[PDB]
Structure formats: structure tokens, C-alpha cells
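Report on one structure; see the data block that follows.
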Amino acid sequence: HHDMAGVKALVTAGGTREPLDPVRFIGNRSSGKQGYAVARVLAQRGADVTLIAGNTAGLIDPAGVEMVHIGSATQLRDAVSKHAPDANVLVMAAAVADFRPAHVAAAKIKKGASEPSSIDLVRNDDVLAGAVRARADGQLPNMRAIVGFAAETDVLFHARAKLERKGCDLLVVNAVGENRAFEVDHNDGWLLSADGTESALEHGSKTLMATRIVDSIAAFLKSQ
Amino acid sequence: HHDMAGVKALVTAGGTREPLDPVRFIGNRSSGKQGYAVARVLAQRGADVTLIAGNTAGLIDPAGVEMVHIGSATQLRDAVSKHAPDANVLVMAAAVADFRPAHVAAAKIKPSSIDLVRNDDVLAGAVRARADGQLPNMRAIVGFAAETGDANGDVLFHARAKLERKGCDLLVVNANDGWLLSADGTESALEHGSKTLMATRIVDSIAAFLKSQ
Ligand SMILES: Nc1ccn([C@@H]2O[C@H](COP(=O)(O)OP(=O)(O)OP(=O)(O)O)[C@@H](O)[C@H]2O)c(=O)n1
Ligand SMILES: Nc1ccn([C@@H]2O[C@H](COP(=O)(O)OP(=O)(O)OP(=O)(O)O)[C@@H](O)[C@H]2O)c(=O)n1
Ligand SMILES: O=C(O)C(=O)c1cn(-c2ccc(O)cc2)c2ccc(Br)cc12
Ligand SMILES: [Ca+2]
Ligand SMILES: [Ca+2]
């Protein structure tokens, strides 16, 4: 079934890198492979896909997908607000850094002979929350589904609450792990819809979870 | 020819990541490509190579090279001190982080500034160790640097200062050229080329410095 034909979808993936200076930064360990798989499965099921990607250099660009490359969280926010009016579906699978260094040095900071000094942090904008607001303010008339991602350690108490605070249509919880040897199986993956259905997310390959996420989107797209 | 036969070489390459927590870290933008190429060229020319590898661009382990994967600079220091007594050549091509977070969370942290503590200088520790008779097999210690000229001095002034302050035998300086600065005062331009070909010039320098003796 090519159930995503006629659907224009925008995906973010990978972690952001918040510059401290031209060489150093604060980043996170997200590989981006899971957002890549969602974009790959969407493209394979007929969607017109644009992928905004962060620290994902060694990944293969998915076939049939339009690539937009960013580095920072603010660049991701700026890139999403550009490509979002055209989308029917937003998939926020990127590990957006919640904070960035408050000051960026123009040159690399030389090692002192005396005490080092801290990196002051500043909040980055909530790209998911901004998109949800834009839609509610009538600014995204094409947006049919907004999908968020979360890593949670009940699970549903934290998961159900993120859904209400972000306000998106679906929250993918704990789609983490490659199902690799000696990675903990917390039987914790859930597909949380704003309508209140909970689906369990079988911790399997990145491809199978992507199929589950895209199954859920098309089913949410048909509910309306 | 196989001019590096009989030589045990210990190489660091890539940047380190200093954890804040299981997800976040302080990192740098070093790709590691030039240390890997140095490790690849040394092996091909007969050396027994151990490559201590940190964060890379997704690089494949060079064939025939013993790989040690590290994450942090502290882990990198432990790995170097563990393998150094056996080595004849140390090539410090890793972008070792100067500072690390003062606290590491075991779980993910949901204004605070990040307090930092200084990391050990592994290249300098190696130079002092050799001079203290603790590394009798060490024949060459090679450091790496990327230097710019600025309001405080030109590129070459800053690079020489690095060699003089680090005390190593050879300093491979990037300014896409740069220089090869030797402890005898020899300064060669580093002709730009591929990572492979520039690695060839670096090893030729090491070989030529090994014949110094
Ligand atoms: N500055 C941010 C931070 C996160 N996100 C998005 O919001 C979702 C939730 O990410 P999460 O890591 O849970 O961050 P927070 O919800 O802000 O909370 P916490 O940092 O406590 O985990 C993710 O899909 C991410 O793409 C975002 O758009 N902008
Ligand atoms: N904690 C550190 C920092 C640097 N290095 C090594 O030292 C050499 C020089 O790196 P560089 O950062 O240029 O020297 P620094 O004194 O840290 O330079 P600066 O103060 O300008 O940042 C490199 O081979 C690197 O592998 C190291 O062994 N341990
Ligand atoms: O490995 C790579 O990808 C790479 O290109 C290089 C990294 N550094 C580097 C290492 C640690 C440091 O502290 C400063 C600079 C280099 C220095 C000279 C040349 Br020539 C090349 C590199
Ligand atoms: Ca977050
Ligand atoms: Ca430094």
C-alpha cells in the first residue's frame, strides 16, 4: 500500500551542535539513524519528503529525499519555519539541544594557565512548541499531523504529560536503540496519540519502528 | 620500501567528547582523517601500529591496525599511558579536549553554567616521561597543531612557540599547507595534498628523524 502518496512530509533528524567557539561545541549522542529511517520509509510509501539533518555526516542520504543541512539548534528552528508551511506532516525526530553557550568566542579559546571558567548556558527555542503554536494561530493551514519524539524513563505519566505540554498529535516515546546486543530492553516504547490511544513500540530494528511510526501517521491522517 | 619494519607506533586520532551526562557532551570538530592516514601509512610501511581512536567522521578501522576506542580525554590519557611503554613512536594527532565538566550525571539532566576542570596534557606528559628515563623505547614523539596568526603574533611565531613549549621531536603544524617543525630547528613546508600523501610526508619525516640516531 502506497498510503503516503500525495503527502508532503518534513522530518528533522540528528543532534545539534551549539558552538562554544569555531572548534568546540556542546552536542548530544543521537545518531539520527531513526529520523533517517522515518524519512526513508515515508519516501518509500509515496510521500514528498524534505529532511533537515544535523550531525549526520556519515549517514547515507535517503533516496528520493530532499536534504537540508544544519548545524545548530537555532539554524534548525530557522530551517523548520521555512519549510513548514508547505508540509502536511512534521516529524521532529532531531535531538535539538535544549541549551546553547551564552557567548560564542570568535577564535578558539586558548588553554589558560589559571582556573578555567564556565560555559554559561541559554535556552534554545522549542521548535516543536513553536510549530504547534503556529498551527493553532492559523499560520500552518496545511499541517495535518505534528509528530514529536521523546526519550523517557511511570513511562506513560511522563509520556502522556509531554503530549499535553507540547500539544502535538503523536508522541513517539522511546524509539531508542538499534536492538543491538547488550542494549537494555526496557519494553518502554510507546506510540502516544493526542486522541489517547497508546500503542506499544516493539524495540526492533530502526526500519520496523519507522514502519510503525509511519503506520500511525497514515492512520492518524485518515481519522480526519 | 618497508622502512618502518620493527617500529612500534602508537597513534591517537579524532576528537574527544567530554560527557555532561549520558546524552550531552563537550566535543570538537576534528575529523580524525589525518591521524588515521598516518596510522595507515605506517602500517603499510612495516610498522606495528596501535591507533587510539576517538570521535570520527565514521571512519573505517584501517586494516592491520590494532584499534582502541576511547571517548574522553581522560580515557584517552589512560589508554596512552597503558600502551606507551611498548612504543617506539608516539603520534599525538587527536584533538584532545582541554577541559571537562566538573560533574557527570549518570542519568539525563532535565541556567546553570557548566563548571569545568582541566584535562591532563598527554603529549607533555609523554615528553617529560621520556626525559625522566621512564620510556626507554620512545624514539620519537610527534605532536600536532593548527595555528593561525593573530594580534598576538604571526602563524610561524605561534607554531614555534608551540614546539618549544611542548618539547616534542616533531610538530606537524597546519596553517592547505603548513609546516614540519623539528626539535633540531629544521622547518619544512608541508605541501598540501590528500590526507594520504601528507601522511606520507609526515612518516618520511619520522623516518628521517629515526635515522638521526
Ligand atoms: N529546543 C528544543 C528541544 C526539543 N525539541 C523537540 O521536542 C521534542 C522533545 O524533546 P525532549 O528531549 O523531551 O526535550 P524537552 O521536551 O524540552 O525536555 P527535556 O529536555 O527535559 O527532555 C523532540 O522531538 C525535539 O525534537 C525542540 O523542538 N526544540
Ligand atoms: N589535554 C591535551 C591537549 C592537547 N594534546 C595534544 O597536544 C598537541 C597540541 O594541541 P593544542 O591544543 O594545539 O596544544 P594546546 O596547548 O592545547 O594549544 P592551545 O592552548 O592553543 O589550545 C596535540 O598533538 C594534542 O594531541 C594533549 O596531548 N593533551
Ligand atoms: O586528523 C585530521 O582530520 C586533521 O586534519 C588534523 C587535525 N589536526 C590537529 C589535531 C590536534 C590538534 O590539537 C590540532 C590540530 C591537525 C594538525 C595538522 C594537520 Br596537517 C592536520 C590535522
Ligand atoms: Ca530536550
Ligand atoms: Ca588546546
Side-chain angles (χ1 to χ4, degrees), chain A residues 14-33 55-60 71-73 95-103 105-107 109-110 112-114 116-119 121-124 150-153 158 161-162 165 174 176 183-184, chain B residues 15-32 55-60 71 73 95-103 105-107 109 111-121 123-124 145-153 158 161-162 165-166 174:
Chain A
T16 68
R17 288 179 298 167
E18 315 297 292
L20 249 141
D21 64 33
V23 184
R24 310 158 68 249
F25 55 87
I26 315 186
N28 64 75
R29 299 222 166 86
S30 161
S31 83
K33 297 196 216 257
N55 189 15
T56 54
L59 290 189
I60 295 298
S72 95
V96 184
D98 304 275
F99 296 81
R100 72 177 179 264
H103 314 270
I109 320 175
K110 300 312 207 45
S114 323
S117 81
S118 305
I119 318 174
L121 307 186
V122 179
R123 240 201 81 229
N124 285 323
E152 285 307 317
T153 296
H158 294 101
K162 277 269 142 272
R165 152 136 281 160
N174 295 123
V176 293
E183 249 186 337
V184 69
Chain B
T16 71
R17 304 173 143 180
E18 320 283 299
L20 291 145
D21 76 359
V23 279
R24 332 269 263 125
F25 59 79
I26 303 158
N28 59 60
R29 304 187 169 272
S30 176
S31 73
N55 191 46
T56 57
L59 310 175
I60 178 47
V96 187
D98 295 318
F99 316 97
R100 73 193 185 268
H103 300 90
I109 312 156
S112 243
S113 270
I114 302 159
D115 284 333
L116 301 167
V117 296
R118 221 178 327 257
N119 283 332
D120 289 321
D121 186 341
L123 178 63
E147 298 293 327
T148 204
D150 50 21
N152 292 311
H158 279 315
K162 261 281 170 58
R165 149 169 314 232
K166 287 301 184 155
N174 175 66

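Both backbone and side-chain heavy atoms feed into the values below; hydrogens, waters and symmetry mates do not. Letters A, B, ... are given to chains in the order of the sequence lines, protein chains preceding strands, and every chain is numbered from 1.
To the nearest 0.5 Å, atom CZ of residue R118(B) and atom OG of residue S114(A) are 7.0 Å apart. One distance of note links NZ of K110(A) with CG of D98(B); it measures 10.5 Å at 0.5 Å rounding.
In this structure, no portion of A95(A) lies under 4.5 Å from any heavy atom of chain B.
The minimum heavy-atom distance linking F99(B) with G112(A) is given by the pair CZ-N, 4.3 Å. The nearest pair of heavy atoms linking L116(B) to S117(A) is CD1-O, 3.6 Å. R17(B) approaches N55(A) most closely through the heavy-atom pair NH2-ND2, 4.2 Å. The minimum heavy-atom distance linking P22(B) with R29(A) is given by the pair O-NH1, 3.3 Å.
Most heavy-atom pairs under 4.5 Å with chain B, from the set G27(A), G58(A), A97(A), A57(A): that is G27(A).
In this structure the side chain of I114(B) reaches within 4.5 angstrom of the side chain of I26(A), judged on heavy atoms.
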